[PDB]
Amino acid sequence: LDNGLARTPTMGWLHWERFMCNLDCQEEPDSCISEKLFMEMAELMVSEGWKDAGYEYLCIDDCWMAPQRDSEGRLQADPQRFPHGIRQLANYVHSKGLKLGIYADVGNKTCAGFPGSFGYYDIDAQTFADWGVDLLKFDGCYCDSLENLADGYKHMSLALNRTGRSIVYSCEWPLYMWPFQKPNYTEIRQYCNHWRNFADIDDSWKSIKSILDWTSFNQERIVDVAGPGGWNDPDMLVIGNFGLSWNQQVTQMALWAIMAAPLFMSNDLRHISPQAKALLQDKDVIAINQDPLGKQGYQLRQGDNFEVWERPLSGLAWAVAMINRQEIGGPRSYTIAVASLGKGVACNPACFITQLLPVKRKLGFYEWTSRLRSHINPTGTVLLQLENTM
């Protein structure tokens, strides 16, 4: 989407995976979908170094809406859970130097069953613009035809543009289409800053493996369309929650960097281990995700329960990720000719290799003739940066 936004993949925080549709503010005031939750996260994004590391969009997912539109036909914030309303929440988030994301649905209801935007695309767009919203995530539920799905995603895209406000447009057009026909990604990119391809992430290693496996299977169709203003969205970072080992968290952070994914944390910034925080705030790894060239990486190889992925970077650098998919035993040895990496140019005539994950370690100078040898933890990833000597 040529709106001048998402020139690098969008970074921030989204409530869905961790906080879901929790409407019980009486029995659970700290966990419920409320403006207090979003203000708490806004304060911590400033105070705990998130904004400084580049996490900039504080995003509301589903279940923020009143059950009905107003007399004037507009979407409303739940009067109890969002009593000051979205415009006022946007004002607070802006005062902290952050941006606000909100959620709507292309169909007749949101997925969780609140007002759909079908019939209301123009008003909803102008409502969001008036409220000071900086990002829209547009989910795909309760849409009766591919025709309505396409027209809706395009119509909301054009309606956002016409408001005159810079609003990042996050689409789920491919995801909701894929069961019925192959999406046209060239067309999707013309209308969307990023697009969900695949099933919702959850707090599990199974979920991460299924996202990587879908992405490597479909890479011919999706890798080349990605670039400044338009990204494949493999869904939220779940680092800092309950379901992932350290090595599985490292795999998610490393491969979300290789894939030039939007980095939307869905965690509790009030309760996050130092280790999870330092991984998510990892400057070198965010610098890979945020590389201004914006060329999506890809799977180079798969065999013997190993994966090699690589991403071309600015200035003749490459990122290389090596995944151990064997979930038994100890750190497993993998070796690859450096001449096989970055299409033959990364290490011709030589490259300096730095390991970034699981720990930062200079590995030294590798000649074009060299083999890189590494031990990779089960369900873990080794992330390397290659700098060509020339």
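Just count from 1 along the sequence shown to find any residue number.
The stretch 21-29 shows the higher mean C-alpha B-factor when 373-381 is compared against 21-29 in the entry.
Once the C-alpha B-factors are averaged per stretch, 66-74 and 359-367 rank with 66-74 first. Within the group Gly240, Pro179, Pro234, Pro228, the record's highest C-alpha temperature factor is found at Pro179.
The entry assigns its greatest Cα B factor, within the set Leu212, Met259, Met253, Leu316, to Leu316. In the PDB entry, a CA B factor belonging to the highest third of its chain's modelled residues is recorded for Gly85. In the PDB entry, a CA B factor belonging to the highest third of its chain's modelled residues is recorded for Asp130.
In the PDB entry, a CA B factor belonging to the middle third of its chain's modelled residues is recorded for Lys137. In this PDB entry, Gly330 carries a Cα temperature factor that places it within the lowest third of its chain's modelled residues. Among all modelled residues in its chain, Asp202 ranks in the middle third by Cα B-factor.
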